[PDB]
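Please read the structure below before turning to the comments.
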Amino acid sequence: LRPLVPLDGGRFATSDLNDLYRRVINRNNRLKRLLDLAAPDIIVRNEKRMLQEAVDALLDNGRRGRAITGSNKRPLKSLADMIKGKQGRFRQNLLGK
Amino acid sequence: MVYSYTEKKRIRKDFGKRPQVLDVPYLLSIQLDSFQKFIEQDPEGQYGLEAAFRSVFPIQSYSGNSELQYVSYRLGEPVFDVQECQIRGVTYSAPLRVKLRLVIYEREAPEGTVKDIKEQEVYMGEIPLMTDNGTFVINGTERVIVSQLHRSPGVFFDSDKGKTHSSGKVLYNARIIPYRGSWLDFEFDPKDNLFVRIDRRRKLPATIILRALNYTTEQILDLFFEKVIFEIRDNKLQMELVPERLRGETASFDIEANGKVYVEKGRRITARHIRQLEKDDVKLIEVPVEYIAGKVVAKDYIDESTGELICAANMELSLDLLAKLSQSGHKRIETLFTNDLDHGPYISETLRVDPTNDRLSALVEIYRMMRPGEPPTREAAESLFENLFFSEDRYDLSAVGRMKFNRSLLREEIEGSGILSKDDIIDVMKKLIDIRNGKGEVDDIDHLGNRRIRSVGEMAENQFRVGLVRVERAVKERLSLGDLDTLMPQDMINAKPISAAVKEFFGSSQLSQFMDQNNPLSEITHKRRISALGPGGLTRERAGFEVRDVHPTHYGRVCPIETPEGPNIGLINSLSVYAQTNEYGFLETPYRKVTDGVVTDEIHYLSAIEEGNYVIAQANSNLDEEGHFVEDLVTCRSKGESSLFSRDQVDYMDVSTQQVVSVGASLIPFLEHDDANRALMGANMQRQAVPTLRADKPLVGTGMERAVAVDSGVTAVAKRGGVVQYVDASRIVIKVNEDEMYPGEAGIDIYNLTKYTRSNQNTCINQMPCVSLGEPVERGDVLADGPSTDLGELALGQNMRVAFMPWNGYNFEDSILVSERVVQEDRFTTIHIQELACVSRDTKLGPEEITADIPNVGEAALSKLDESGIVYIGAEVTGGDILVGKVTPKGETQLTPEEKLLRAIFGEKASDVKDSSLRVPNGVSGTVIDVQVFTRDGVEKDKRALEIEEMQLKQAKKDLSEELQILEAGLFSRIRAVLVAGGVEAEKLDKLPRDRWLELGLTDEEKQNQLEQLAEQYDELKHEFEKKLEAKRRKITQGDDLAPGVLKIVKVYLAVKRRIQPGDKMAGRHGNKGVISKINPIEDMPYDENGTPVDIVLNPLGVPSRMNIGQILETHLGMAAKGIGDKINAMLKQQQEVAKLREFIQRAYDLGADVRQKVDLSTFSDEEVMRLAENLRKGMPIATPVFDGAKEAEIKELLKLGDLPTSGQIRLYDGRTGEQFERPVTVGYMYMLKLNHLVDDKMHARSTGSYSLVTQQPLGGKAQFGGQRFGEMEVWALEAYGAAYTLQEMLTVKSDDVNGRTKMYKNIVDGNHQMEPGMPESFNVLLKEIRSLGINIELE
């Protein structure tokens, strides 16, 4: 049900999905273990700001500081590539199969 | 001369009275010339590797006291061969040599040097080379770079009037474009102020950047403007007169010039009152005070009494300010003209609006405008201003930069500084102020005088130079790291930037690509192409208007006919046959010089700029023996038009009429008759024709293809021709004549013919001998023919019988009707060679052994595969049969220790579960050509490739042993010659070696000298030949470099015979290309008075409908040609004597009025052309030039001479009913075309097949699955027909629903016929994705 159509035949590369995966993985796991562990202001502040940018940055704004600029695949802008392949969901459904 | 040795087999009959003085050039000289100038050694420092090494070198670190001087470079020989390298499939590149020398300077000690550093060459990168045909060999691919076209560097004058801006007025602009670096442009606004835009940044006023050039306002007005003159002595207010500098006046009072009034108060300002004071000589005059307040001050004058800044330059004067200035004791006053007639108040609004009045604040402001993030620190502003504006590295004006810069600058010397100049940009601002003033002419964007083509030389020079700079950075770090470095150019220079730049450049680029090969035609016309794509020259991805148009500069160089009829039109072009590239990249075309009233025989190449002013006559014109023109008023052209001009107004001539066409469309005869649109379509269809079995030279033709076939490099030609010794399909050798030979090495020239080989188009290529044996060969003669070539003459299609007719509705629109006779004649049959490669290996579970078993499969495939090796060569592979067995380790060991040492795994030994086998895909069946597999170092116990590894050794040993026998045999015969009179014996020497025992003793000198010499060069040629034989065998058995991600590579060639097909497709030379409806029996074809059923049936309505004229003259003239060949063939049926037929052959050559230099029987009359009668017995090779082609008078005269009815219509009877058709019917013989559109390749039927994990929709076509696609247009087509079923179950049951397929196939049993509507899983991919979205929707 998840399946994503890769542009290169199925590669994930440097995309902000992978950037938010590297930041949201450690920041989200350390945020869960920190919140459940009653972490102090240092770990709850760093994990709350890093995880806050993990959930919030994937939602809106953020800086596309992914790998090196240029010569890299960057299929994340509004995170609308999931709902709309090109002009919409037509390729998946409501258009010709 | 008219020797015509190689053309004596077939002499193609030529038409037209227009001679060609300048022969067709080699025509590849753009790629060959660009390559040979790309690798060269010159002291002048021409553009190339020497220009890059001299550009970057010397390489010196900052404050390191170390420099690097260039020894330039020299190129070596590649490790592999051309054809052999293409067979191996590895990139073809020569290493680079001659590394640069270093230098060391003593620290704190001037001129002190410890020692000079001269180092041996170091390996850097790999430089690919080019084949003689113009291709590039990388990984066994064709790799040709398309020619590029873009703007040439120089000062541009552009109109740039926006149609979307709604202003309705033109906004002028000018931009200097260097070959590299940032761009500098100027921009107007309605405020009438000069603006500056640099690299898309916001436009700053001219006063801030020109202030950053360190020019004060006094130098601005005094430089760009004239201060005129104003003088005040005791307020006398005397000024000079400028009566010719302005037209106008406003006079409120009388003005007297030297005691006489020039213009009275209120008097007329007309030229009657102007020229009175103008033509006469007048000096400075005195006028009242009120005229100062209206004028604008020019220079900066300050009061001499006190030090205030009042009365600054570029400011308005006030009535009360005149009293403060004039009374201050100023010596002189400068006032601006500032009257708009031919001029304008430029730079004023720039000075007023410009915030920065100084160069420092100007540099800070332009720095802040360049970098938005960091506030300028004022420290680097000088380096940013210099490096941004005038610098050596960031300018790169190159050649055309200063050439066009001085041309538009109206300078004298061509050579100039390669960096920006302050007086140069000030001249651009002044002449641009003239453009805003209204005087001067703008320049056209589409005018090719402003365009320059770029090729492999300049492009590879650019990328290689970039990589060389990337090396200069790291080398600069290495030299800057240490204080003193001995033997620095060793480990400091890395090859990865070079090899990455050139290997990534030629490896992957928009211009560099492999070609689809159909006939030599598509190879040569695909070799020469103009592309506006790639870097630069591309305005937008789609649409566009004025960019795709055709300018008058497109006449004599680029062909407007040939063009990419697909999505992008007007971009790709094709150069003219006689076109050439200038030194700056400009394109020049030939014109014949004309002096006084006679036409001299010299021809000069002219570009657009030079030929624009000159007047040149029309291509076709009347010529006389005295050189003068017959008609007084001759059609000529000057600029952008053409009209009748006098005989004294014609500067040059167009020579041939073919200068406007290209090689692609130039082979289409009767171009002036056929419409240009359908000729464009046909020229677009010429490149897709697949070569067939038997190549029959076109009986209607041009005569350019004779040079195209030999100049395409496809056919096998001969160097230093001679008497042929041995012939074969694999190899051809020739004994070279003694006329021209090299004194050393002796030997003869050997040739290795290429067998059937796969191309990039999956076609079949091969070369066949045109000579028998013992035939003398000249220099340049073609020995063998490539694919779709006959006797060195290009034939990419087959002729066949032609009749114009509706037949029982089977021919509708463009539909085609083919007889079963041609079906039985093997014609149109072609070979399609597909390559199958099974390459995996590379497993951490252990290596994968090739073949030796097929797991879980019976002996059916084991009968085809060898025990220790792969299948027999040339076998029958049908369906999913395994062509090459391959195994995999898979589970390897496990409990029950690998099933008791593969006991339960039977005889595989891997254990079980090897999917690595090739398993030929379904639907593809044919015969295999050859298995090239792979060649690795240190590999053993491989039964595969053994036969070819031995075959290469026997081949090289055979052809090398031939030359060895020529050498040792020649010197041995020399021994037999020298032993004469020194103790010779014919009976003894003719039955024994040694030569009586090494020439015996004789006279002492011959003993030691002749015998010791014979042994010396005898053992030298024997031991040297064996040493070279071992050196070659080592190259045969060493192999190539395999991809590291595999242990062993396997690749196999397979071929399929595909012939004329019912669906198929066919094409004409004039652009008619259609599918065949049905292939009809011979008995159903109408026959003539002689009972000869017709092969093809076309639709005559397409001649008026699609405006195709050339089909009538094509078929009729062809009927005349085959009438000649039919009558001569009848003479051979009667076995007539040579002379009786020789008379009709000669009459066939010289019939008509001139239009050729050919004369029959000229050479011995009893051979050559005499046998060429038996060569042309099938058909007559008639040619017509492009625009000079035959006329209906000579066509009906020849066809009437061929005993055929002059009208070209023969009474025809029905083949079916036998009854006669009413009225005569047009028949003839035309040249047809077989394409790649055959419906075995196009058509694939599929039902159920593999799907994808994404949405559960199958991938698409070419996968032997899927239903093709019915898109949204078909969705709205089912909504249009009103069928809810077909659409609803369409989108759901087939893909998004598994329930629909399972229940559907289950209902096929007993035929329940119901299909489940289902819940779409693709709609569950939409619900899915939405669930991943922060708003997740769930059903209730």
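Ligands are numbered from 1 in the order shown, chains are lettered A, B, ... in the order of the structure tokens, and residues start at 1 in each chain.
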> Taking only C-alpha atoms into account, which residues of chain A are within 8 Å of chain B, as JSON, numbers by chain?
Replying inline: {"A": [1, 2, 3, 4, 5, 82, 83, 89, 92, 93, 94, 95, 96, 97]}
>> Going by DSSP on the backbone, which residues of segment 241-393 of chain B come out as strand (DSSP E or B)? List them as a list in words.
In response: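 Strand (DSSP E or B) assignments inside segment 241-393 of chain B correspond to residues 255, 256, 257, 260, 261, 262, 263, 285, 286, 296, 297, 332, 335 and 336 of chain B.
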> Could you state the separation of atom CA of residue 1312 of chain B and atom CA of residue 1288 of chain B in Å, given to one decimal place?
Replying inline: 19.0 Å
>> One decimal, in Å: what's the spacing between atom CA of residue 19 of chain A and atom CA of residue 46 of chain A?
In response: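 The value is 17.6 Å.
Our summary of the geometry notes that atom CA of residue 874 of chain B is positioned 19.5 Å from atom CA of residue 1059 of chain B.
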